[PDB]
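Trainee: The structure under discussion is supplied below as structure tokens; questions concerning it will follow.
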Amino acid sequence: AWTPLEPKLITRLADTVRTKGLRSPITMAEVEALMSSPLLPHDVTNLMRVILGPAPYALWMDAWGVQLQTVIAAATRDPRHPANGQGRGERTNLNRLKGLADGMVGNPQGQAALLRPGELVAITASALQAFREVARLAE
Amino acid sequence: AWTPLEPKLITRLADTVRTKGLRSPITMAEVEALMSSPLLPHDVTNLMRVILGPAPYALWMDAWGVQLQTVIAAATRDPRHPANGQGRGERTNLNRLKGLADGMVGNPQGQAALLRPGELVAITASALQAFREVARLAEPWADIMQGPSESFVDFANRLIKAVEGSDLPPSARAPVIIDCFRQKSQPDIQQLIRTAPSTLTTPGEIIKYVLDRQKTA
Amino acid sequence: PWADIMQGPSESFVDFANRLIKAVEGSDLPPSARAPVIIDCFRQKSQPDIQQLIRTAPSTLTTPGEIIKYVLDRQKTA
Amino acid sequence: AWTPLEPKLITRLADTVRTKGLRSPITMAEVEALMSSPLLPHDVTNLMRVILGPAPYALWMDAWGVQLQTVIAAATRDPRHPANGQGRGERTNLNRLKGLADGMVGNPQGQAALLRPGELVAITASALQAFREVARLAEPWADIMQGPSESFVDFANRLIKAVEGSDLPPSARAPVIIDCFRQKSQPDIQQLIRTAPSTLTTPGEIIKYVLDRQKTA
Amino acid sequence: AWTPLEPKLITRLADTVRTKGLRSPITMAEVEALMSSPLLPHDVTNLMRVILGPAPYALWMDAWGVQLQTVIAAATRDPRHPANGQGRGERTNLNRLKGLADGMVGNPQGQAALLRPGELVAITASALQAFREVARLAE
Amino acid sequence: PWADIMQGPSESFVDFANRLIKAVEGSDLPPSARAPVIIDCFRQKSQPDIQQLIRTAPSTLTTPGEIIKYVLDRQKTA
Amino acid sequence: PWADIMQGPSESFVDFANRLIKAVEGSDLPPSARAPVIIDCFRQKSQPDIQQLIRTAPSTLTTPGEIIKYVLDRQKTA
Amino acid sequence: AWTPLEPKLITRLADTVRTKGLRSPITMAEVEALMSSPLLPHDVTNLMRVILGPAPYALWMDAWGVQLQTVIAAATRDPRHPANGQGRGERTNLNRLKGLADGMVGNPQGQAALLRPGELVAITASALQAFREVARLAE
Amino acid sequence: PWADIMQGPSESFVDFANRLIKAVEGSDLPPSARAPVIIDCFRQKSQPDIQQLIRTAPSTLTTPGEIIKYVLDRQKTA
Amino acid sequence: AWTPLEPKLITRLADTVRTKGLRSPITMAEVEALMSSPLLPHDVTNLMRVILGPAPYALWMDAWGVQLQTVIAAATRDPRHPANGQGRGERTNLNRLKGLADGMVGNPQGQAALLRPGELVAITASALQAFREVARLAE
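Chains as they are written, first to last, in the deposited numbering: chain C, 10 to 148; chain B, 10 to 148, 152 to 229; chain A, 152 to 229; chain E, 10 to 148, 152 to 229; chain F, 10 to 148; chain D, 152 to 229; chain I, 152 to 229; chain J, 10 to 148; chain G, 152 to 229; chain H, 10 to 148.
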């Protein structure tokens, strides 16, 4: 069952990003805090939509896609990925990682249903690395 | 058994709508948060009565009715609706969706008794879409120029905001943002983008390139 | 008093509608007389540009929400 | 048996390309006309050699090669191509498509002998798409404003021309044309479109409305 | 088999429209002449693209759509339309009239294959009436 | 004479390319020596703005058509 | 003469409709040609404000009485 | 047997409508007075032809038709209408209400013969409501 | 000291590269840390014209030799 | 048995490269002279380390690697390479060509022991072509 993040925490994090900036160690610590439980693509996408401005959000979408592509290359380079399965029918496509696959587009409940925990942690680590890249790039 | 939403959360959401507005992404996130569990028509109706002003509330009632009517048309177009049943005696009328049916008018307990979970989730999704419509309606990309003294990240923020918060289809935003970066964004950056040895096919890539090679001043 | 509410020369239409609906619903009228009064106050108040905008409505508007939506669509951006 | 195209038609088409240009709809119609029967690589190659200048001819050779390579990738992705056969011995190489294979180099008769009709139609469609690409490449919508003295039909013509002859997807032209009518088209017509009692959802409808209610002057 | 109209006739008609205008009786006679054989949607569309300017072409697309919609209303009002068939499986959709149906988009050969002669004559009459409307409207 | 062709200060690039390809193909060179000559004439003629535009090409351009496409994409609109 | 009847700049619409229907019914037209003529005279006479009011009718008006009712409903009170 | 209304009363009512207007309470009282006995469609039609101008008469014909249609909808919604009968052969069509049915067109005697008293009172009430609508609309 | 080496306003790029590679290889760094340091010093030193020239590299340069070749190709002849 | 090149010849060649440059025909002739006997990877590597500056040496390492990779592609394209053998156990890896294989790293004696004469001549020709490329590139 999907539970959304508190809008109070999200508002506090947005104001933190607004006053301290993207690169302060306190901001990265707060992001790591709100990045503790494995989030669904819907959660991370809406979180970055709210806390980041338009141009940093575009940059972050780009960087997140690139990092997820690196993850999928490593996944096709190793059939023992915690997102993959043993047979070929469990291979994870980027539509399933970005939340674009069938039964997931716009629906967080179905998303949480079909996604694997390894998928969730890989998406989360990818999003964190992308946030780091964009923060280092913006300023 | 029906449990009401906390008036503390409702007060915080009302003040959020009061300060940030109806269309801010933080406000939509908060509404999605308070729209997590399937609500009864009583809950959503009182919620919109409290958080919205009078005129937005009228607009929202209209939009909610229209969306529920579309849902009921799809329901009569498919007897396998999670709100419907298999026989004809379980067909769901708009009086049952809007909470106007018998045994439901003004009573949330009876409402929660007779309603289906599919009914609840359909009502909830309809109310969310209606809220989105009214928010887009209550409050121009092709008129945006980069000022002579404005930086490029501010111009990009303003342009992406106005393009994504507009009436364009989702599949037409990236090409429009790119072609607006190329034709707006005063001729120094125009020539900087024009003389790009690589082909830039994404707003993020254009922003990165321009931020790298921009004239520090 | 609802019958003394006018749309100011510089006031937007959503503020005027909010003020009018507030004063009409928080008054001594019966519940079944609020919508017609709100409509007829939209038509006679709401300075003559919006008056003519509502008058020349190819469709018949029979609800305050519909009038508000129509006016917000076709209003003079300024 | 191979029959050459008339040099009279080719001369008329060359003069059409010389006066009207590469991108005019009349020129594309004439090319479609002379592209009616499936042509051999020799025919299309000589045709483009005659009607196109040197630099457009180089560009067209490049684009034709790229499109033929896409065709051959689709062919190796499907053994049921009308150019392919069922066994592996009928697989079609780019030397056979470009006319470079054995028994074809410089000889149109042998070319017509060994080539398949599916091969011919694929080559022809590839050449047509390459011509379209080069024409779009050889010769900005967001910078178009209605001049203070310009009429509205001239502005609409110029805007629709620049929007349809651009890099936008086909499904994004109408919304862009509408939103450019609304934000360009100096504030008298802007207010005329804004105060439209009906909702205008098509460039033709907007043009009709504005032409009806325009300020005669 | 589809045969294109001569670009010489089309060039002469375009220059006629350029000098005499859209509403002259000689121009309407020339259009009736080039509207003699039943044309495929591709032919009429390209013809109007070439002979008409951009704004008259937009107006003509609008008017042609409206007239085709009236035709389809009359067709659903009478199952004996020369474009329709007897069973319900031959009912003609606007995607088939405007050339947007499956197997027709951009391909005139397939267009000529699947289209009916009644379909062709209805499309042609609709296009002629739309041209008349736009000519009466432009000047 | 192909080796005397320069891109004028006011001339566009497609006209210069047309003139150069015409003079090179209508000359006494062997057929297998026209493309390298056209490329090396694009690089050394074609006044220093386009010279630097071709020089700083992140990709390697090995055909006159590819050079023409690249230059037409990244040319200084003026 | 019916074909010379125009709605004056200051004349109301009911007076114009009365005058036009009078002149059309008291003329040499066949009985089956009066309604279409009255409609098409409402559309082309009846100065451009009412012309545009009739033009932008979301419904199709197919009778002089219906046109009169519509115009009387949505007319610019002045 | 049909008896016409006095032209003296009709002339006085016409002058009343001419001086006082359509909406004055005295005019509505006079109309109610001349609307006392159930009138045949011929009577009401000629009365409105005489007392009303051309444009109000067109409006009144429209409104009378609409009100009669509402009456016929209520009649098909209840087989116990004083205009209807018990069997289906007495169902009242709009041609019989507007006086357009067979044996009634232009003949008031035959009209009075075939019409029911319930038909007459329904026609009369419909005409009165239509007059009220048109009077409220004209000024 | 390698971290104090800047490309002078009038110095050529091959002299700067020679000096920098000399000072980096004749220093106390481990052998496996010289190439990344030389690259990142090419990118941050080497006055902003060459900095932007390296930044806008359509290809990814992952070796000091490749960076030197690219810069020597696309450098501003002066 | 490995015999080193004379440091006197190497010093003379280094001064030749210093005064005449990399591209002079006399310099290429001198390099061809000192490239007469098949050299071990150690010899050519130290020779280029001494005669070339730091940046030309980096360029030359790159070019030598690329040319050796082309050689190894031709070798896997033909099992009759004078560096290869008949069975698959004699296939020559780039670690054996660049002197990086086991028993060769830093030891010229072991290098000369395990290397083939075909290997030596291929390495030598590759190094000569790489020197030509770098000389054409440097000036």
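For each residue, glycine too, the CB sits at the ideal point set by N, CA and C.
Give the secondary structure of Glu176 (chain E) by DSSP, where H, G and I count as helix, E and B as strand, and everything else as coil.
Mentor: DSSP places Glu176 (chain E) in helix when its eight states are reduced to three.
Trainee: Please list, in chain order, the residues of the region 208-220 of chain I that have any C-beta partner in chain J closer than 8 Å.
Mentor: Result list: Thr214, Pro215, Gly216, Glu217, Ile219 and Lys220.
Trainee: What's the gap between the Cα of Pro199 (chain D) and the Cα of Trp73 (chain E)?
Mentor: The straight-line gap from Cα to Cα measures roughly 31 Å.
Trainee: With a threshold of 16 other CB atoms inside 10 Å of the CB of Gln120 (chain H), please say whether the residue is buried or exposed.
Mentor: Flag for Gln120 (chain H) reads buried.
Trainee: Exposed or buried, which one is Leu61 (chain H) when buried takes at least 16 other CB atoms within 10 Å?
Mentor: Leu61 (chain H) should be labelled buried.
Trainee: Is it true that the region 197-213 of chain E meets the region 215-226 of chain A, where meeting means three or more beta-carbon pairs spaced less than 8 Å apart?
Mentor: The region 197-213 of chain E, when compared against the region 215-226 of chain A, does touch it at the 8 Å Cβ threshold.
Trainee: Taking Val59 (chain F) as the query, report the chain E residues whose CB atoms sit under 7 Å from its CB, ordered along the chain.
Mentor: Under the 7 Å cutoff, chain E gives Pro34, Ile35 and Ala38.
Trainee: Can you name, in chain order, every residue of its own chain whose Cβ lies under 8 Å from the Cβ of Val40 (chain J), other than the five neighbours on each side?
Mentor: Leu22, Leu137 and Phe140, listed in sequence order.
Trainee: According to the Cβ coordinates, are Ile132 (chain E) and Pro50 (chain E) closer than 7 Å?
Mentor: Yes. Within cutoff.
Trainee: So, using beta-carbon positions, are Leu106 (chain F) and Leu146 (chain F) closer together than 7 Å?
Mentor: Cβ atoms of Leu106 (chain F) and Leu146 (chain F): not closer than 7 Å.
Trainee: Run down chain B in chain order and give the residues with a C-beta less than 7 Å from the C-beta of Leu223 (chain A).
Mentor: What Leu223 (chain A) touches in chain B: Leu146.
Trainee: Can you tell me whether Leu204 (chain E) is buried or exposed? The criterion is at least 16 other CB atoms within 10 Å of its CB, across all chains shown.
Mentor: Buried: at least 16 other Cβ atoms inside 10 Å.
Trainee: Select from the region 65-82 of chain E all residues with a C-beta closer than 7 Å to any C-beta belonging to chain D, and list them in chain order.
Mentor: Residues passing the 7 Å Cβ filter: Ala67, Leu68, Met70 and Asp71.
Trainee: Do three or more CB pairs link the region 115-130 of chain E to the region 20-38 of chain F at distances below 8 Å?
Mentor: No, the region 115-130 of chain E does not touch the region 20-38 of chain F.
Trainee: Using a Cβ cut-off of 7 Å, which residues of the region 160-184 of chain E contact any Cβ in chain F, in chain order?
Mentor: Here the close residues are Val165, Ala168, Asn169, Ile172 and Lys173.
Trainee: So, with DSSP's three-state summary, where would you put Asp224 (chain I)?
Mentor: Reduced to three states, the DSSP call for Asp224 (chain I) is helix.
Trainee: Just to make sure I have the definition right: I need the residues of chain L whose C-beta is within less than 7 Å of the C-beta of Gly62 (chain H). Which are they?
Mentor: In the displayed structure, chain L is absent; the protein chains listed are C, B, A, E, F, D, I, J, G and H.
Trainee: Who are the near neighbours of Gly112 (chain E) in its chain, counting only those whose CB is closer than 7 Å to its CB and skipping five residues on each side?
Mentor: Here the set comprises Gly119 and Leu123.
Trainee: State yes or no: is the C-beta of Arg185 (chain B) within less than 7 Å of the C-beta of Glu176 (chain B)?
Mentor: Contact flag set, yes.
Trainee: Anything in chain G within Cβ reach of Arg194 (chain D), meaning under 9 Å, just list it in chain order.
Mentor: Here the premise fails: no neighbours, minimum Cβ distance about 11 Å.
Trainee: Throw me the rounded Cβ distance for the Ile201 (chain D) and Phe164 (chain D) pair, which I believe falls under 8 Å.
Mentor: Their Cβ separation, rounded to whole angstroms, is 6 Å, which keeps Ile201 (chain D) and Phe164 (chain D) in contact under 8 Å.
Trainee: So that I know if they touch, is there some Cβ in chain C lying closer than 7 Å to that of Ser45 (chain B)?
Mentor: With 7 Å as the cut-off, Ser45 (chain B) counts as an interface residue toward chain C.
Trainee: Suppose only complete runs of 4+ residues qualify. What are the alpha helix (DSSP H) ranges in the region 164-212 of chain I, listed by chain order?
Mentor: You should have 164-176, 185-195 and 199-206.
Trainee: Does any C-beta atom of chain F lie closer than 7 Å to the C-beta of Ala42 (chain E)?
Mentor: Yes, its Cβ sits closer than 7 Å to a Cβ of chain F.
Trainee: Assign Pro215 (chain G) to buried or exposed, taking buried as 16 or more other Cβ atoms, counted over all protein chains shown, within 10 Å of its Cβ.
Mentor: Per the 10 Å Cβ criterion, buried.
Trainee: Using three-state DSSP, classify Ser135 (chain H) as helix, strand or coil.
Mentor: Helix.
Trainee: Can you list the alpha helix (DSSP H) stretches of 4 or more residues lying completely in the region 53-128 of chain H, in chain order?
Mentor: With a minimum length of 4 residues, the continuous alpha helix (DSSP H) runs that stay inside the region 53-128 of chain H are 63-85, 103-106 and 117-123.
Trainee: Can you say whether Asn93 (chain J) is buried or exposed, counting buried as having 16 or more other CB atoms within 10 angstroms of its CB?
Mentor: Per the 10 Å Cβ criterion, buried.
Trainee: Tell me where the alpha helix (DSSP H) around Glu39 (chain H) begins and ends.
Mentor: Run containing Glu39 (chain H): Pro34 to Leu43, per the alpha helix (DSSP H) assignment.
Trainee: Rounded to whole angstroms, what's the CA-CA distance from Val53 (chain E) to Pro187 (chain E)? Just pull it up for me.
Mentor: Looking at the two C-alpha atoms, the distance is approximately 38 Å.
Trainee: How many Å lie between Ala67 (chain J) and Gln195 (chain A) at the Cα?
Mentor: Each residue's alpha carbon lies about 29 Å from the other.
Trainee: When burial is assigned at 16 or more other CB atoms within 10 Å of the CB, is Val114 (chain J) buried or exposed?
Mentor: Answer is exposed; the Cβ neighbour count stays below 16.
Trainee: Can you pull the chain E neighbours of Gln203 (chain I), defined as C-beta to C-beta under 7 Å?
Mentor: Residues of chain E passing the Cβ test: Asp224 and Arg225.
Trainee: With a 10 Å radius around its C-beta and 16 neighbouring C-beta atoms as the bar for buried, classify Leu18 (chain H) as buried or exposed.
Mentor: Exposed is the call here.
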